[PDB]
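What follows is one structure encoded as structure tokens, with my remarks underneath.
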Protein chains: 2
Amino acid sequence: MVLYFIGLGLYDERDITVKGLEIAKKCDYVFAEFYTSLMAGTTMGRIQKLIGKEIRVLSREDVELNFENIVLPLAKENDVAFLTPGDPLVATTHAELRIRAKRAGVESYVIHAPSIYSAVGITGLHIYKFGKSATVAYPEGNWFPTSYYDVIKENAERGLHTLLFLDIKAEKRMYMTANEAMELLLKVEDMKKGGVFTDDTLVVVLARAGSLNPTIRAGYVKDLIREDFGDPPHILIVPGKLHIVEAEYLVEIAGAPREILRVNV
Amino acid sequence: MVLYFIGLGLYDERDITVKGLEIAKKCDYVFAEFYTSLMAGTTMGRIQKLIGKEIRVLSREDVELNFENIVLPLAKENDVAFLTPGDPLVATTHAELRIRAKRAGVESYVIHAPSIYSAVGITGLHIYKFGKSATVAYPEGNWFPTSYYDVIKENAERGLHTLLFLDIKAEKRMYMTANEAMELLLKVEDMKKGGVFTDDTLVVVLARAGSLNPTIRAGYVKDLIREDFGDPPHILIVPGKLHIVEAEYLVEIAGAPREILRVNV
Ligand SMILES: Nc1ncnc2c1ncn2[C@@H]1O[C@H](CSCC[C@H](N)C(=O)O)[C@@H](O)[C@H]1O
Ligand code: NA
């Protein structure tokens, strides 16, 4: 009679850890949410088939407002699993659900899975050099979010790389592309004019990490802003000062202009 | 003709993903390295039994100096797997190994797995608030390194969390304990006196991330410095100012003192 938070990983149903699969297979009830991220290489059927259990999908409202009414009650008399894309506690507010479980007398366990936060390593940028992260959110009505622009500025001044999670509106099947994120950032630049994000800014795009052939591209905004990086999900990265081997990787593996091999120490 | 970089995950042999396991089983040759880290919850034998292939272990020198003479030759006429703890390419020098593959006319693919960079989300600390990461190294001889102290300073100064990796002697199987890390930092604080790490500093200790029963403890240095966090490996985190939700999780899940709800928020 416990609750398991089990990550499903980056791209398809095979990105779940063996540990997660074995445990998921032996749970009495299986719940899941697919609004915090997008697993572009799988479907509900494939996941249900792999786990061998019927999966009840919950909405953001079901979770944020009724987790303790839909999931926890069952976690008292049975073993329950709650599945999520990537790692369940990364760039989500799911950690708080563990507090709800405790207060309801339910013990919980977390089974990790590969996350986009560490998968950034495939870009060649040293992961320890990443600074504060941020999310490029879709403007809504007259409200136009811009704090993420300041994060980049803060990190850049320190020579640190900036990881930019991109917005997602699962109910509308909307997945922000790196292209759209670049557009929004250029608009904020005109606004603030801090010289933080312009056509000459070097950026890195990682799309569909977890698949065997993810799209990894590096170059100047003026050149990538209109490039096609394939289907979502995408993440955008604004590197800080580059190490020679980081630049070499971006050129050799990500197709960056050979000129970035020259670093301005 | 193909080299697969496969992550083994966090703690035991089941932390590898289903994708990683199936691919490894289809490879003609399987190599592994355990100098960047060492699965404390398993053994070479258990990993070997799980994959069903003999696993040739490579030293740091085998990889860094001879990757192209040991692994790549076989990758030309067979499918080869290179196993590493955590997520492949997180370790700073691994990314360039892909450049070596390319240079040798060998295609490479990356199979991700849980990394400590994302697993620390289990501490309840928001992932986006983490800043630059660092490693606490043992002083020795006339060398007393202290850069990790400066990292904590720059991060905390901006309200960001600092993820600290603790020194490890893979060969001698010696792990630096969180307790030892604190002592070193207090000693560095006495040296630099910047008001960065003192007895009143709040810290979080994560041990055996990945296992079903990890150790998650949060508190002030004066109380945790002599606490027993169990067997390695230990990860230390110096949080920046907390979001009430982070503090609540640390209190309810990591046994942190109520005091953080008013002092560190
Ligand atoms: N496979 C993938 N490839 C590229 N970006 C990804 C991705 N998975 C997640 N993301 C990025 O992260 C956002 C979701 S944020 C939630 C992240 C998740 N808990 C994890 O551990 O990965 C997406 O909108 C996208 O910008
Ligand atoms: Na980081």
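A note on names: the letters A, B, ... follow the listed sequences, proteins ahead of strands, and every chain is numbered from 1.
- Contact annotation for A:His112: both backbone and side-chain heavy atoms come within less than 4.5 Å of a heavy atom of chain B.
- Contact annotation for A:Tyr117: only side-chain heavy atoms (C-beta onward) come within less than 4.5 Å of a heavy atom of chain B.
- Ranking A:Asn213, A:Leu160, A:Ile122 against chain B, the residue ahead of the rest is A:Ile122, based on heavy-atom pairs under 4.5 Å.
- Under the salt bridge (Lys or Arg N to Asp or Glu O under 4.0 Å) criterion, the residue pairs touching residues 99-108 of chain A are A:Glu68-A:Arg100, A:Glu96-A:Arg100, A:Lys102-B:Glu252, with sequence neighbours excluded.
- Of the two parts of B:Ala113, only the backbone, made up of N, CA, C and O, holds a non-hydrogen atom closer than 4.5 Å to a non-hydrogen atom of chain A.
- With chain A as the partner, the residue from B:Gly7, B:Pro114, B:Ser133 showing the most heavy-atom pairs under 4.5 Å is B:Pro114.
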Q) Should A:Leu212 and B:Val110 be marked as a side-chain contact (heavy atoms from CB on, under 4.5 Å) after you check the CA-CA gap, both sets of side-chain angles, and the distance that decides it? A) CA-CA 7 Å; A:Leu212 275 287; B:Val110 177; over 6 Å; no

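- By the neighbour-count criterion of 12 heavy atoms within 6.0 Å, atom NZ of A:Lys53 is densely surrounded, having more than that number from other residues, nucleotides or ligands.
- When the candidates A:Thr135, A:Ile253, A:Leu89, A:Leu21 are compared by the number of heavy-atom contacts under 4.5 Å with chain B, A:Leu89 comes out ahead.
- In terms of heavy-atom pairs under 4.5 angstrom with chain A, the leader among B:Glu22, B:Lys129, B:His94 is B:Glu22.
- With a 4.5 Å cut-off on non-hydrogen atoms, A:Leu50 does not touch chain B at all.
- Among B:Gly210, B:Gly9, B:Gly124, B:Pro214, the residue making the largest number of heavy-atom pairs under 4.5 Å with chain A is B:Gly210.
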Q) When you look at B:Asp15 and A:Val18, which way does the side-chain contact (heavy atoms from CB on, under 4.5 Å) test go after all the steps? A) CA-CA 6 Å; B:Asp15 291 335; A:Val18 169; over 6 Å; no

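- A donor-acceptor pair shorter than 3.5 Å cannot be found between the side chains of A:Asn155 and B:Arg158.
- Among the candidates A:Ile99, A:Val120, A:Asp12, A:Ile116, the residue making the largest number of heavy-atom pairs closer than 4.5 Å to chain B is A:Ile99.
- Looking at A:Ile127, both its backbone and its side chain come within 4.5 Å of chain B, counting heavy atoms on both sides.
- Applying the side-chain hydrogen bond (donor to acceptor under 3.5 Å, both in side chains) definition to pairs two or more places apart or across chains, none involves residues 80-93 of chain A.
- At a heavy-atom separation below 4.5 angstrom, chain A is approached by B:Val245, B:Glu248, B:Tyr249 within residues 240-251 of chain B.
- Looking at A:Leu125, there are no atoms closer than 4.5 Å to chain B (heavy atoms on both sides), in backbone or side chain.
- In this structure, the separation between CZ on B:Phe130 and NZ on A:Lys132 is 13.5 Å, given to the nearest 0.5 Å.
- In this structure, chain A has a heavy atom under 4.5 Å from the side chain of B:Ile111, while its backbone stays farther away.
- Of all the heavy atoms in B:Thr17 and A:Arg14, the pair that sits closest is CB-O, 3.7 Å.
- For a residue to count as touching a neighbouring chain, one of its non-hydrogen atoms must lie under 4.5 Å from one of that chain's; by this rule B:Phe5 does not touch chain A.
- When each of A:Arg98, A:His161, A:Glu13 is scored by its heavy-atom pairs under 4.5 Å with chain B, the top score falls to A:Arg98.
- Partners of A:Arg60 under the salt bridge (charged side-chain N to carboxylate O under 4.0 Å, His left out) rule, at least two apart in sequence or in another chain, are A:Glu64.
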